[PDB]
Amino acid sequence: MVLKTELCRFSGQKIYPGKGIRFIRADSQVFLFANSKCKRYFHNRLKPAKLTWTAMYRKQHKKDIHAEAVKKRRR
Amino acid sequence: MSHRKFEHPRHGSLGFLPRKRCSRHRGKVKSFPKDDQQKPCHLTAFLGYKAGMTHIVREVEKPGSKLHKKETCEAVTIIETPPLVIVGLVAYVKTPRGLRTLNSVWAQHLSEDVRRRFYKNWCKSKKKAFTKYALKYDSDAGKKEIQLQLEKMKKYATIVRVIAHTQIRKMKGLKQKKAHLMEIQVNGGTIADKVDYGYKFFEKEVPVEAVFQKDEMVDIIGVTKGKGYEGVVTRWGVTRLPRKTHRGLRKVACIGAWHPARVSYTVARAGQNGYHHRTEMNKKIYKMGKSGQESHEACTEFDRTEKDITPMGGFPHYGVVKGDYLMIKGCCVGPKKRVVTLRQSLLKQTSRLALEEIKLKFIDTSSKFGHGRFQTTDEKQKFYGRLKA
Amino acid sequence: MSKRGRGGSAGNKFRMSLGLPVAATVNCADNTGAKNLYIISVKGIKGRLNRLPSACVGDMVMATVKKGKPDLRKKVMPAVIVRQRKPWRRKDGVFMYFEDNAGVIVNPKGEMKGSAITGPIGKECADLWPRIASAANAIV
RNA sequence: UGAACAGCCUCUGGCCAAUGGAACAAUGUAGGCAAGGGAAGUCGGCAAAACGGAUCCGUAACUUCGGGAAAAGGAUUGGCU
RNA sequence: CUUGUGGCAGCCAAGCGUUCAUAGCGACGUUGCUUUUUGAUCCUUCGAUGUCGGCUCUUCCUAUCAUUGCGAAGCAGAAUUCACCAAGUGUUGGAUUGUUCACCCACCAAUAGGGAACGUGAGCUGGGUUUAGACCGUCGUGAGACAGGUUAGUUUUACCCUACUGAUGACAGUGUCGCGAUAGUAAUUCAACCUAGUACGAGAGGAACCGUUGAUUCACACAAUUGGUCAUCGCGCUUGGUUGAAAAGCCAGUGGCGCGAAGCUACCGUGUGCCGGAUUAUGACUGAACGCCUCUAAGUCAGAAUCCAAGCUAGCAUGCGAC
C-alpha cells in the first residue's frame with residue numbers, strides 16, 4: 001500500500017507524507033500527530049491508556065471469576 | 001506632504017475594480033491565441049465543472065535554493081471534464097468592427113442535445129413536450145447551405161470557430177441536467193483544410209486528451225464562488241479602524257476631500273463580492289484521465305497503490321466523481337458545481353517553472369482521521385461494525 | 001544611493017508564519033550568562049505603514065540583551081532565531097514547531113557569540129548560517 | 001445548593017399581553033471564542049479578559065506599632081465508603 | 001489677491017578644489033518661480049462653512065529618495081557624487097511628546113518632498129487648543145487676568161436628492177449564442193546560487209551583464225492539507241437545581257467544559273498572478289546647412305518600471321450579427 005510513511009506517536013495510525021503535524025520538543029524529541037485531535041491530547045497531558053479515544057488501550061480481557069474468598073470468613 | 005508623511009500602498013487593485021456579478025454563469029474568454037499551429041484537433045479550450053480539490057505529491061527537481069528535489073505536497077484541483085458534443089462549425093469573418101458571424105451551422109441530428117439544454121438557453125423544465133428548436137432541413141437544401149458558407153470563408157480567410165455544448169447529462173452526481181452552449185475557437189492550418197475538417201468534426205465528440213497535452217501551462221478561467229454582499233475589509237482588503245470601541249469598525253474613514261465634490265471610483269466601500277469573472281494563469285496540467293477506460297489508476301507498490309481519485313464519501317456539496325478527471329495546478333476559481341473553462345496559455349514561451357514532468361507518487365484523496373486508503377483499510381473499519389454497520 | 005548588499009539573511013525558500021513582532025521577550029539559548037533577549041527590530045526586513053516588523057526561524061534579527069550579566073546587557077548584537085512556537089512548513093509538507101521561542105546572540109561574522117546551544121536547531125537555520133550548525137548539539 | 005433576604009433552579013401566589021410571520025445578507029447593536037505572539041496598539045491598558053470562594057503554608061523595606069495583610073507567592077478543594 | 005519674510009530653481013564668475021574659474025562647489029551681487037513657512041489685507045462667510053493632531057482611506061502633483069533605462073566624474077575596482085527621461089511602483093516599525101513637525105533606536109532598494117476647505121468629526125477618537133469645578137506661581141487693593149503650569153469635564157440627526165457602490169428592468173412578443181464599442185487595468189522589490197574571490201587593482205579589497213532559485217510587498221482565488229471557529233445543543237464529561245428512584249432527560253436568557261463534521265476562513269493554510277509592438281531618455285547612421293564636419297536640417301536605426309495592444313475585468317442595458 002503506502003511505502004513511505006510516518007507513524008503517529010499517540011493514535012498509532014499511519015501518517016501520509018505531506019500530512020500531519022510534528023512537535024519538536026525542547027529536549028530534541030519528535031512527536032508525530034496525525035491531526036488536531038491527536039495533538040490536543042498530548043498538550044493536555046493525556047496518557048494514551050487513559051481512554052482518550054482509546055489509543056494504546058485495547059488490552060485483553062480474561063473470562064468470569066469464581067465466588068472464592070475476598071473476605072468471607074474462611075481459612 | 002499635507003498630512004502624515006508615512007504613506008501606504010493602496011488597498012485593492014484598480015485592474016480588478018468593478019467587483020460585480022458576472023453576466024453569465026460560465027466565464028467566457030474574450031480573445032484566444034492566433035491560428036498558427038496544428039489542424040482542428042487543436043480546440044483552444046475545453047470545459048468542465050469544478051469537482052472539488054484533492055492533493056498530489058510529486059518529487060520536484062531544481063538546484064537554486066538550499067532544499068530542492070525530494071517529495072513535496074501540492075494542492076491540485078480536480079475537475080470533471082466529460083467529452084463534449086461539438087454541434088456546429090460557425091463562420092466568423094473578421095471585420096473592422098471585430099468578428100461577425102455570417103450563419104451558424106447546427107448538427108444533422110439533434111433531438112436530445114437541445115432538449116436537455118433548455119431550462120435556460122430557453123426555459124421550462126421539460127413539461128408538456130415543448131420548447132422548440134428548428135427541425136432538420138430539406139435533404140440537399142441544407143447541405144448546399146453549408147457548402148455556400150465554405151465559399152465565403154475561403155475567399156476572405158475567416159477565423160474559424162465552433163459552437164459546442166457541454167453534455168452534463170453524461171454526469172449524474174451533479175444535479176443540473178442542463179447543457180451549456182458555448183463558443184470555442186478552432187485553431188490550425190489553412191482555411192480550406194480546417195473548415196472541411198470542422199464539418200466532419202461536429203459529427204463526433206472531442207475528448208480531454210485531444211485538446212490539451214500533459215505538462216502544458218494552461219490558463220484557467222472561471223467565475224468565483226458567490227459570497228454574497230461583503231464588507232470593505234474583505235472586498236478591498238482595508239484595515240479595521242482601531243480603537244477600544246468606535247462607532248464604525250469595518251469601515252473606511254474618509255472617501256474623498258472637500259473640493260472635488262464627488263466620491264472617487266477608487267475609494268474603498270462595500271458591495272457584492274464573489275461571482276466575479278477571473279483569470280488565473282500558468283497552471284501545469286499534471287494528469288488527464290478518466291475512470292476505467294482511459295487511465296489505469298496507479299502502478300502498484302512504490303509508484304503508488306491504486307486509489308480512485310474521488311475521496312471516500314464523495315466531495316462535499318458536489319457529488320461523487322466517477323468519470324473524467326483533470327488535475328490542474330493549485331487553486332481554481334469557483335465553488336463546486338460551477339462551469340470552469342480551461343484555455344491554453346497566451347504566453348506560449350513556457351520557460352522554467354516545471355518544464356519537466358515529475359511522476360505521480362501519492363494522491364491524497366483523503367480517507368483518514370483514523371483509517372483509510374481504499375478497500376483493505378475500509379474493510380478493517382467495517383470489521384469493527386458488521387451487524388449495525 | 002545604493003547600500004551594498006550582504007547581511008540581512010537571504011531569500012528564505014518558503015513563506016513563513018510571522019510569530020515574533022518587535023518588543024517580544026525571547027529566550028537566550030546560549031551560555032554567555034545572558035538569559036533573556038529582547039527583539040527590537042528585524043535585520044533585513046522592509047515593512048510598511050503601521051505594520052510591526054516580525055521575525056521567524058532562520059532570519060537575521062536585531063536584538064538587545066534584556067537580562068543576564070552586565071557585560072552582555074544593553075548592547076545591541078545580531079541574533080538568529082533558532083526556535084519559534086509558531087509552525088514552520090517544510091517542502092515535504094510536515095509542519096514543525098518548537099516547544100519554546102528562543103534565539104541566540106550571534107556575531108556580525110555569523111559565528112556564534114555563545115559557547116554552546118541548548119535544545120534543537122532548525123535545519124533552515126543551519127543552511128543559512130553554517131556556524132550555528134557547527135555549534136549544534138542537535139540538528140532536526 | 002450555598003454565609004446568604006447573593007446568584008441559579010423550583011414551591012406557593014401571579015402572568016402568558018410584551019404586534020405576528022418569513023428569510024435569518026452585508027452593515028449595525030448585544031453576547032461568545034480564537035493558533036503563535038502578548039500592549040509592540042493607544043494621548044492613556046478604556047473595557048473586554050484573567051485573578052476571585054475557602055483551608056493550610058508563607059508574608060516585605062516601612063510604620064503614628066494600631067497596621068500594611070487576604071501583602072506578595074504557592075499548594076489544597078470530588079464522588080463514595 | 002500679494003510673496004516682504006519662507007521654500008525651490010537660475011544668471012554672472014572672483015575664488016576653492018596639488019595643478020587647473022566651472023568633476024563637484026562657488027564669493028560680491030543679480031534674475032526668476034512657488035505658496036511646501038509666516039505675515040500684510042478684509043474680498044467672502046458671524047439670523048452659523050464644526051478648530052488642531054492622530055486614527056483610516058483615496059486621488060493627484062514633481063522641484064524624483066529608491067527601483068527601470070540612461071548621459072558627468074578629481075568614476076582604477078567599489079563606495080559615492082552630479083545631470084536626464086520618468087508618479088509605472090514602493091517610500092517603513094517603535095520610544096517620547098496632543099503636537100503633524102521634532103528627536104532618537106532599528107531595519108532597508110529606499111525610508112523623497114508637497115496638495116486636495118491648513119484633505120479627512122451626521123466616519124471615529126476627544127489627547128491639544130478653548131467654557132462652567134479646582135490647585136499652584138506671577139501680576140493685580142480687589143473682582144479677575146495669564147501668548148505660564150496642572151487635573152476632571154454631554155461629540156445630535158441621513159429614511160430625502162445626487163454621487164458612488166452593488167441589485168433588478170419596460171423598446172413585436174419570447175429566447176439563445178456570439179461579437180467587442182467604450183471604460184477600468186498590476187505586479188513589486190530583494191537576497192542567495194552561478195558569474196567569482198573573477199574582471200579591476202600595487203595591495204586592501206571587489207562588481208555587473210548573462211544563466212539559476214526562492215523570498216519581500218501587493219493583488220486574485222481556494223479548503224487538499226494544516227490551523228481557527230461551534231447553536232449539528234451531534235457525542236462524551238461535569239455542577240447546581242428539577243422528574244420519588246431507575247432509565248431517558250428538562251431548566252441555568254446558548255449552564256459550563258473537552259471534542260466535533262459540513263460550511264466559512266488565515267502570507268495564523270495553500271496556489272497563482274501575462275508579452276508583443278510603438279517610442280522616450282540616450283547613444284547612433286548617412287549628411288548638409290558650414291565643399292571638411294556633425295544624432296537632424298530632409299531621410300533613418302537601436303532603444304525605458306513608459307505608452308498601446310496582447311491579456312484581464314464591466315459588456316454599448318439608448319451598438320450590432322447569426323440562430
# chains A, B, ... in the order shown; residues from 1 in each chain; ligands from 1
call {"tool": "residues_around", "arguments": {"residues": "residue E:92", "least_positions_apart": "5", "cutoff": "9 Å", "atoms": "only C-alpha atoms (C1' of nucleotides)", "output": "list in words"}}
result
residues 6 and 7 of chain B; 46, 47, 48, 49, 50, 51 and 53 of chain C; 107, 108 and 111 of chain E
call {"tool": "write_last_selection", "arguments": {"atoms": "N, CA, C and O atoms (P, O5', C5', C4', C3', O3' and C1' of nucleotides)", "output": "PDB file, in the first residue's frame"}}
result
ATOM      1  N   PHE B   6       3.870  59.260   6.291  1.00  0.00           N
ATOM      2  CA  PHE B   6       4.032  57.846   6.454  1.00  0.00           C
ATOM      3  C   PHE B   6       2.869  57.309   5.680  1.00  0.00           C
ATOM      4  O   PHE B   6       1.728  57.358   6.136  1.00  0.00           O
ATOM      5  N   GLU B   7       3.148  56.860   4.436  1.00  0.00           N
ATOM      6  CA  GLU B   7       2.147  56.572   3.438  1.00  0.00           C
ATOM      7  C   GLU B   7       2.248  55.115   3.085  1.00  0.00           C
ATOM      8  O   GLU B   7       3.306  54.504   3.226  1.00  0.00           O
TER       9      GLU B   7
ATOM     10  N   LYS C  46      11.912  44.811   5.054  1.00  0.00           N
ATOM     11  CA  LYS C  46      11.319  46.056   4.643  1.00  0.00           C
ATOM     12  C   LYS C  46       9.882  45.823   5.008  1.00  0.00           C
ATOM     13  O   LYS C  46       9.310  44.787   4.670  1.00  0.00           O
ATOM     14  N   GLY C  47       9.278  46.789   5.738  1.00  0.00           N
ATOM     15  CA  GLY C  47       7.928  46.683   6.230  1.00  0.00           C
ATOM     16  C   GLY C  47       7.090  47.685   5.511  1.00  0.00           C
ATOM     17  O   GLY C  47       7.405  48.096   4.395  1.00  0.00           O
ATOM     18  N   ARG C  48       5.997  48.115   6.173  1.00  0.00           N
ATOM     19  CA  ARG C  48       5.177  49.188   5.689  1.00  0.00           C
ATOM     20  C   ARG C  48       4.429  49.730   6.869  1.00  0.00           C
ATOM     21  O   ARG C  48       4.466  49.171   7.964  1.00  0.00           O
ATOM     22  N   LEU C  49       3.744  50.867   6.621  1.00  0.00           N
ATOM     23  CA  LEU C  49       2.771  51.584   7.409  1.00  0.00           C
ATOM     24  C   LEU C  49       2.007  50.796   8.444  1.00  0.00           C
ATOM     25  O   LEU C  49       1.243  49.898   8.097  1.00  0.00           O
ATOM     26  N   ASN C  50       2.182  51.176   9.738  1.00  0.00           N
ATOM     27  CA  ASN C  50       1.569  50.626  10.932  1.00  0.00           C
ATOM     28  C   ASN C  50       2.045  49.233  11.292  1.00  0.00           C
ATOM     29  O   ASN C  50       1.885  48.809  12.435  1.00  0.00           O
ATOM     30  N   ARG C  51       2.641  48.480  10.341  1.00  0.00           N
ATOM     31  CA  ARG C  51       2.834  47.063  10.495  1.00  0.00           C
ATOM     32  C   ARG C  51       4.167  46.829  11.130  1.00  0.00           C
ATOM     33  O   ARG C  51       5.203  47.235  10.604  1.00  0.00           O
ATOM     34  N   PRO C  53       7.486  45.078  12.332  1.00  0.00           N
ATOM     35  CA  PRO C  53       8.441  44.109  11.818  1.00  0.00           C
ATOM     36  C   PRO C  53       8.402  42.828  12.603  1.00  0.00           C
ATOM     37  O   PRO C  53       8.444  42.895  13.829  1.00  0.00           O
TER      38      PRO C  53
ATOM     39  P     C E 107      20.320  48.354  12.229  1.00  0.00           P
ATOM     40  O5'   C E 107      19.175  48.116  11.151  1.00  0.00           O
ATOM     41  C5'   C E 107      18.768  46.745  11.021  1.00  0.00           C
ATOM     42  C4'   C E 107      17.432  46.581  10.304  1.00  0.00           C
ATOM     43  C3'   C E 107      17.522  46.830   8.823  1.00  0.00           C
ATOM     44  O3'   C E 107      18.141  45.693   8.226  1.00  0.00           O
ATOM     45  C1'   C E 107      15.569  47.811   9.650  1.00  0.00           C
ATOM     46  P     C E 108      19.236  45.872   7.116  1.00  0.00           P
ATOM     47  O5'   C E 108      18.359  46.564   6.022  1.00  0.00           O
ATOM     48  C5'   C E 108      17.354  45.796   5.356  1.00  0.00           C
ATOM     49  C4'   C E 108      16.600  46.693   4.392  1.00  0.00           C
ATOM     50  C3'   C E 108      17.549  47.300   3.379  1.00  0.00           C
ATOM     51  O3'   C E 108      17.735  46.326   2.369  1.00  0.00           O
ATOM     52  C1'   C E 108      16.205  48.998   4.342  1.00  0.00           C
ATOM     53  P     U E 111      17.727  55.305   2.760  1.00  0.00           P
ATOM     54  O5'   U E 111      16.736  55.281   3.995  1.00  0.00           O
ATOM     55  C5'   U E 111      16.078  56.498   4.377  1.00  0.00           C
ATOM     56  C4'   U E 111      14.623  56.600   3.892  1.00  0.00           C
ATOM     57  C3'   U E 111      13.700  57.178   4.983  1.00  0.00           C
ATOM     58  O3'   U E 111      12.694  58.025   4.431  1.00  0.00           O
ATOM     59  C1'   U E 111      12.929  55.078   4.398  1.00  0.00           C
TER      60        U E 111
END
call {"tool": "interface_residues", "arguments": {"of": "chain D", "to": "chain B", "cutoff": "12 Å", "atoms": "only C-alpha atoms (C1' of nucleotides)", "output": "MDAnalysis selection string"}}
result
chainID D and resid 25:29 41:42 44:48
call {"tool": "interface_residues", "arguments": {"of": "chain D", "to": "chain C", "cutoff": "6 Å", "atoms": "only C-alpha atoms (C1' of nucleotides)", "output": "MDAnalysis selection string"}}
result
chainID D and resid 36:37 40
call {"tool": "interface_residues", "arguments": {"of": "chain B", "to": "chain C", "cutoff": "9 Å", "atoms": "only C-alpha atoms", "output": "PyMOL selection string"}}
result
chain B and resi 6-9+57+65-68+70-74
call {"tool": "interface_residues", "arguments": {"of": "chain A", "to": "chain E", "cutoff": "8 Å", "atoms": "only C-alpha atoms (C1' of nucleotides)", "output": "short mmCIF file (atom, residue, chain, number, x, y, z; two decimals) with N, CA, C and O atoms, in the first residue's frame"}}
result
data_model
loop_
_atom_site.label_atom_id
_atom_site.label_comp_id
_atom_site.auth_asym_id
_atom_site.auth_seq_id
_atom_site.Cartn_x
_atom_site.Cartn_y
_atom_site.Cartn_z
N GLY A 18 3.38 14.69 3.48
CA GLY A 18 2.58 15.84 3.14
C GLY A 18 1.32 15.89 3.96
O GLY A 18 0.26 16.28 3.46
N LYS A 19 1.42 15.50 5.24
CA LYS A 19 0.29 15.46 6.13
C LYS A 19 0.87 15.48 7.51
O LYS A 19 2.07 15.27 7.69
N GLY A 20 0.01 15.72 8.52
CA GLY A 20 0.37 15.65 9.92
C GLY A 20 1.06 16.89 10.40
O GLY A 20 1.31 17.83 9.65
N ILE A 21 1.38 16.87 11.71
CA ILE A 21 1.98 17.96 12.43
C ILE A 21 2.98 17.27 13.31
O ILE A 21 2.67 16.25 13.93
N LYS A 37 -6.85 16.34 16.64
CA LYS A 37 -7.36 15.54 17.73
C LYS A 37 -6.22 14.87 18.47
O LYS A 37 -6.22 14.80 19.70
#
call {"tool": "closest_atom_pairs", "arguments": {"of": "chain A", "to": "chain C", "cutoff": "9 Å", "atoms": "only C-alpha atoms", "output": "CSV"}}
result
residue,atom,partner,partner_atom,distance
A:17,CA,C:92,CA,6.8
A:18,CA,C:93,CA,4.1
A:19,CA,C:94,CA,5.7
A:20,CA,C:94,CA,5.8
A:21,CA,C:95,CA,4.9
A:22,CA,C:96,CA,5.1
A:23,CA,C:97,CA,5.6
A:24,CA,C:98,CA,4.9
A:25,CA,C:99,CA,5.2
A:26,CA,C:119,CA,5.2
A:27,CA,C:119,CA,5.6
A:28,CA,C:120,CA,5.2
A:29,CA,C:120,CA,8.8
A:30,CA,C:140,CA,9.0
call {"tool": "write_last_selection", "arguments": {"atoms": "N, CA and C atoms", "output": "compact mmCIF listing (two decimals), in the first residue's frame"}}
result
# COMPACT_ATOMS: atom_id res chain seq x y z
N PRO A 17 2.90 11.18 3.98
CA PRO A 17 3.80 12.31 3.80
C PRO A 17 3.03 13.43 3.14
N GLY A 18 3.38 14.69 3.48
CA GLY A 18 2.58 15.84 3.14
C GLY A 18 1.32 15.89 3.96
N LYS A 19 1.42 15.50 5.24
CA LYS A 19 0.29 15.46 6.13
C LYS A 19 0.87 15.48 7.51
N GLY A 20 0.01 15.72 8.52
CA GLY A 20 0.37 15.65 9.92
C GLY A 20 1.06 16.89 10.40
N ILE A 21 1.38 16.87 11.71
CA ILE A 21 1.98 17.96 12.43
C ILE A 21 2.98 17.27 13.31
N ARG A 22 4.22 17.79 13.37
CA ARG A 22 5.30 17.23 14.13
C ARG A 22 5.66 18.25 15.17
N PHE A 23 5.59 17.84 16.45
CA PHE A 23 6.03 18.64 17.57
C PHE A 23 7.48 18.33 17.79
N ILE A 24 8.32 19.38 17.77
CA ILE A 24 9.70 19.32 18.16
C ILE A 24 9.71 19.79 19.58
N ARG A 25 10.18 18.93 20.50
CA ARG A 25 10.24 19.20 21.92
C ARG A 25 11.58 19.83 22.19
N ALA A 26 11.72 20.51 23.36
CA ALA A 26 12.90 21.26 23.75
C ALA A 26 14.08 20.37 24.06
N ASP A 27 13.83 19.07 24.33
CA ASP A 27 14.85 18.09 24.62
C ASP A 27 15.17 17.29 23.38
N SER A 28 14.66 17.74 22.20
CA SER A 28 15.03 17.30 20.87
C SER A 28 14.29 16.05 20.46
N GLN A 29 13.21 15.67 21.19
CA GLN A 29 12.37 14.55 20.84
C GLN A 29 11.37 15.00 19.83
N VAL A 30 10.92 14.06 18.96
CA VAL A 30 9.97 14.33 17.92
C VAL A 30 8.76 13.50 18.21
call {"tool": "select_by_dssp", "arguments": {"residues": "stretch 2-70 of chain A", "states": "strand (DSSP E or B)", "output": "VMD selection string"}}
result
chain A and resid 6 to 7 14 to 15 21 to 24 30 to 33
call {"tool": "write_last_selection", "arguments": {"atoms": "N, CA, C and O atoms", "output": "PDB file, in the first residue's frame"}}
result
ATOM      1  N   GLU A   6       5.024   7.986   8.044  1.00  0.00           N
ATOM      2  CA  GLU A   6       5.453   8.237   9.393  1.00  0.00           C
ATOM      3  C   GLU A   6       4.428   7.502  10.212  1.00  0.00           C
ATOM      4  O   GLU A   6       3.549   6.834   9.669  1.00  0.00           O
ATOM      5  N   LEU A   7       4.539   7.571  11.554  1.00  0.00           N
ATOM      6  CA  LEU A   7       3.705   6.789  12.426  1.00  0.00           C
ATOM      7  C   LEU A   7       3.362   7.704  13.555  1.00  0.00           C
ATOM      8  O   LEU A   7       4.244   8.339  14.130  1.00  0.00           O
ATOM      9  N   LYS A  14      -1.023   5.362  10.609  1.00  0.00           N
ATOM     10  CA  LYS A  14      -0.086   5.805   9.602  1.00  0.00           C
ATOM     11  C   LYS A  14      -0.374   7.227   9.186  1.00  0.00           C
ATOM     12  O   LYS A  14      -1.527   7.598   8.966  1.00  0.00           O
ATOM     13  N   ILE A  15       0.688   8.058   9.100  1.00  0.00           N
ATOM     14  CA  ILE A  15       0.589   9.433   8.677  1.00  0.00           C
ATOM     15  C   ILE A  15       1.194   9.461   7.307  1.00  0.00           C
ATOM     16  O   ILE A  15       2.346   9.074   7.120  1.00  0.00           O
ATOM     17  N   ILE A  21       1.381  16.875  11.708  1.00  0.00           N
ATOM     18  CA  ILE A  21       1.980  17.960  12.431  1.00  0.00           C
ATOM     19  C   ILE A  21       2.983  17.265  13.310  1.00  0.00           C
ATOM     20  O   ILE A  21       2.668  16.254  13.932  1.00  0.00           O
ATOM     21  N   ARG A  22       4.221  17.790  13.367  1.00  0.00           N
ATOM     22  CA  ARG A  22       5.300  17.232  14.133  1.00  0.00           C
ATOM     23  C   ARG A  22       5.665  18.249  15.169  1.00  0.00           C
ATOM     24  O   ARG A  22       5.999  19.388  14.856  1.00  0.00           O
ATOM     25  N   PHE A  23       5.592  17.843  16.454  1.00  0.00           N
ATOM     26  CA  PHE A  23       6.025  18.638  17.569  1.00  0.00           C
ATOM     27  C   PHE A  23       7.476  18.326  17.793  1.00  0.00           C
ATOM     28  O   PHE A  23       7.850  17.175  17.998  1.00  0.00           O
ATOM     29  N   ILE A  24       8.315  19.383  17.771  1.00  0.00           N
ATOM     30  CA  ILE A  24       9.700  19.320  18.157  1.00  0.00           C
ATOM     31  C   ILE A  24       9.706  19.794  19.583  1.00  0.00           C
ATOM     32  O   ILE A  24       9.265  20.901  19.884  1.00  0.00           O
ATOM     33  N   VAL A  30      10.919  14.064  18.962  1.00  0.00           N
ATOM     34  CA  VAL A  30       9.966  14.335  17.916  1.00  0.00           C
ATOM     35  C   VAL A  30       8.757  13.497  18.209  1.00  0.00           C
ATOM     36  O   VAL A  30       8.862  12.320  18.549  1.00  0.00           O
ATOM     37  N   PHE A  31       7.570  14.133  18.143  1.00  0.00           N
ATOM     38  CA  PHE A  31       6.298  13.500  18.372  1.00  0.00           C
ATOM     39  C   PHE A  31       5.502  13.785  17.146  1.00  0.00           C
ATOM     40  O   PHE A  31       5.558  14.884  16.606  1.00  0.00           O
ATOM     41  N   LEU A  32       4.769  12.766  16.653  1.00  0.00           N
ATOM     42  CA  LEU A  32       4.120  12.794  15.368  1.00  0.00           C
ATOM     43  C   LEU A  32       2.658  12.669  15.660  1.00  0.00           C
ATOM     44  O   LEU A  32       2.229  11.760  16.367  1.00  0.00           O
ATOM     45  N   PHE A  33       1.874  13.644  15.158  1.00  0.00           N
ATOM     46  CA  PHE A  33       0.456  13.751  15.389  1.00  0.00           C
ATOM     47  C   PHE A  33      -0.189  13.803  14.044  1.00  0.00           C
ATOM     48  O   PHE A  33       0.176  14.620  13.204  1.00  0.00           O
TER      49      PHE A  33
END
call {"tool": "interface_residues", "arguments": {"of": "chain B", "to": "chain A", "cutoff": "12 Å", "atoms": "only C-alpha atoms", "output": "VMD selection string"}}
result
chain B and resid 55 to 59 70 to 75 298 to 307 361 to 377
call {"tool": "residues_around", "arguments": {"residues": "residue B:340", "least_positions_apart": "3", "cutoff": "12 Å", "atoms": "only C-alpha atoms (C1' of nucleotides)", "output": "PyMOL selection string"}}
result
chain B and resi 25-29+45-52+77-81+166+180+219-225+277-280+326+328+332-337+343
call {"tool": "closest_residue", "arguments": {"among": "E:15, E:271, E:26, E:303", "to": "chain B", "atoms": "only C-alpha atoms (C1' of nucleotides)"}}
result
E:271
call {"tool": "residues_around", "arguments": {"residues": "residue D:56", "least_positions_apart": "5", "cutoff": "12 Å", "atoms": "only C-alpha atoms (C1' of nucleotides)", "output": "ChimeraX atom specification"}}
result
/D:74-77
call {"tool": "write_last_selection", "arguments": {"atoms": "N, CA and C atoms (P, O5', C5', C4', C3', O3' and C1' of nucleotides)", "output": "PDB file, in the first residue's frame"}}
result
ATOM      1  P     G D  74       2.579  32.225  42.038  1.00  0.00           P
ATOM      2  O5'   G D  74       2.911  30.781  42.582  1.00  0.00           O
ATOM      3  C5'   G D  74       1.869  29.882  42.974  1.00  0.00           C
ATOM      4  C4'   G D  74       2.410  29.006  44.095  1.00  0.00           C
ATOM      5  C3'   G D  74       1.573  27.818  44.528  1.00  0.00           C
ATOM      6  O3'   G D  74       1.719  26.754  43.587  1.00  0.00           O
ATOM      7  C1'   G D  74       2.339  28.929  46.430  1.00  0.00           C
ATOM      8  P     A D  75       0.468  26.209  42.788  1.00  0.00           P
ATOM      9  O5'   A D  75      -0.014  25.044  43.743  1.00  0.00           O
ATOM     10  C5'   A D  75       0.886  23.947  43.976  1.00  0.00           C
ATOM     11  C4'   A D  75       0.602  23.324  45.341  1.00  0.00           C
ATOM     12  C3'   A D  75      -0.834  22.867  45.556  1.00  0.00           C
ATOM     13  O3'   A D  75      -1.052  21.597  44.920  1.00  0.00           O
ATOM     14  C1'   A D  75      -0.134  24.074  47.429  1.00  0.00           C
ATOM     15  P     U D  76      -2.485  21.323  44.289  1.00  0.00           P
ATOM     16  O5'   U D  76      -3.387  20.863  45.481  1.00  0.00           O
ATOM     17  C5'   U D  76      -3.053  19.979  46.538  1.00  0.00           C
ATOM     18  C4'   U D  76      -4.053  20.189  47.679  1.00  0.00           C
ATOM     19  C3'   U D  76      -5.531  20.149  47.266  1.00  0.00           C
ATOM     20  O3'   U D  76      -5.970  18.781  47.288  1.00  0.00           O
ATOM     21  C1'   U D  76      -5.119  22.123  48.505  1.00  0.00           C
ATOM     22  P     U D  77      -7.029  18.292  46.215  1.00  0.00           P
ATOM     23  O5'   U D  77      -8.376  18.979  46.671  1.00  0.00           O
ATOM     24  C5'   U D  77      -8.941  18.622  47.941  1.00  0.00           C
ATOM     25  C4'   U D  77     -10.125  19.531  48.308  1.00  0.00           C
ATOM     26  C3'   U D  77     -11.330  19.327  47.375  1.00  0.00           C
ATOM     27  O3'   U D  77     -12.580  19.454  48.077  1.00  0.00           O
ATOM     28  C1'   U D  77     -10.578  21.581  47.247  1.00  0.00           C
TER      29        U D  77
END
call {"tool": "atom_distance", "arguments": {"atom1": "atom CA of residue B:186", "atom2": "atom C1' of residue E:220"}}
result
28.8 Å
call {"tool": "residues_around", "arguments": {"residues": "residue B:92", "least_positions_apart": "3", "cutoff": "7 Å", "atoms": "only C-alpha atoms (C1' of nucleotides)", "output": "PyMOL selection string"}}
result
chain B and resi 99-102+158-161
call {"tool": "closest_atom_pairs", "arguments": {"of": "chain E", "to": "chain B", "cutoff": "7 Å", "atoms": "only C-alpha atoms (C1' of nucleotides)", "output": "tab-separated table"}}
result
residue	atom	partner	partner_atom	distance
E:55	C1'	B:242	CA	7.0
E:56	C1'	B:253	CA	5.1
E:57	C1'	B:252	CA	5.7
E:58	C1'	B:267	CA	5.3
E:100	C1'	B:4	CA	6.5
E:113	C1'	B:1	CA	6.7
E:114	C1'	B:1	CA	4.7
E:115	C1'	B:2	CA	6.2
E:116	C1'	B:257	CA	6.0
E:117	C1'	B:258	CA	6.1
E:119	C1'	B:257	CA	4.5
E:120	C1'	B:254	CA	5.3
E:123	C1'	B:253	CA	4.5
E:124	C1'	B:246	CA	5.9
E:163	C1'	B:262	CA	5.6
E:164	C1'	B:263	CA	5.9
E:165	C1'	B:271	CA	5.8
E:166	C1'	B:271	CA	4.9
E:175	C1'	B:122	CA	5.3
E:176	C1'	B:121	CA	5.3
E:177	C1'	B:182	CA	6.9
E:179	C1'	B:99	CA	5.8
E:180	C1'	B:98	CA	6.8
E:184	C1'	B:15	CA	6.3
E:185	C1'	B:15	CA	3.5
E:186	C1'	B:15	CA	6.8
E:193	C1'	B:64	CA	5.6
E:212	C1'	B:64	CA	5.8
E:213	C1'	B:64	CA	3.8
E:214	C1'	B:65	CA	6.1
E:219	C1'	B:13	CA	6.2
E:221	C1'	B:333	CA	5.4
E:222	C1'	B:331	CA	5.1
E:224	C1'	B:54	CA	4.2
E:270	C1'	B:75	CA	6.8
E:271	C1'	B:330	CA	4.4
E:272	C1'	B:280	CA	6.0
E:273	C1'	B:281	CA	6.6
E:274	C1'	B:347	CA	6.4
E:275	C1'	B:347	CA	6.6
E:312	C1'	B:279	CA	6.6
E:313	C1'	B:16	CA	6.0
E:314	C1'	B:18	CA	6.8
E:321	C1'	B:100	CA	5.8
E:322	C1'	B:103	CA	5.0
E:323	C1'	B:104	CA	6.7
call {"tool": "residues_around", "arguments": {"residues": "residue C:28", "least_positions_apart": "2", "cutoff": "7 Å", "atoms": "only C-alpha atoms (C1' of nucleotides)", "output": "ChimeraX atom specification"}}
result
/C:26,30,34-37,102-104
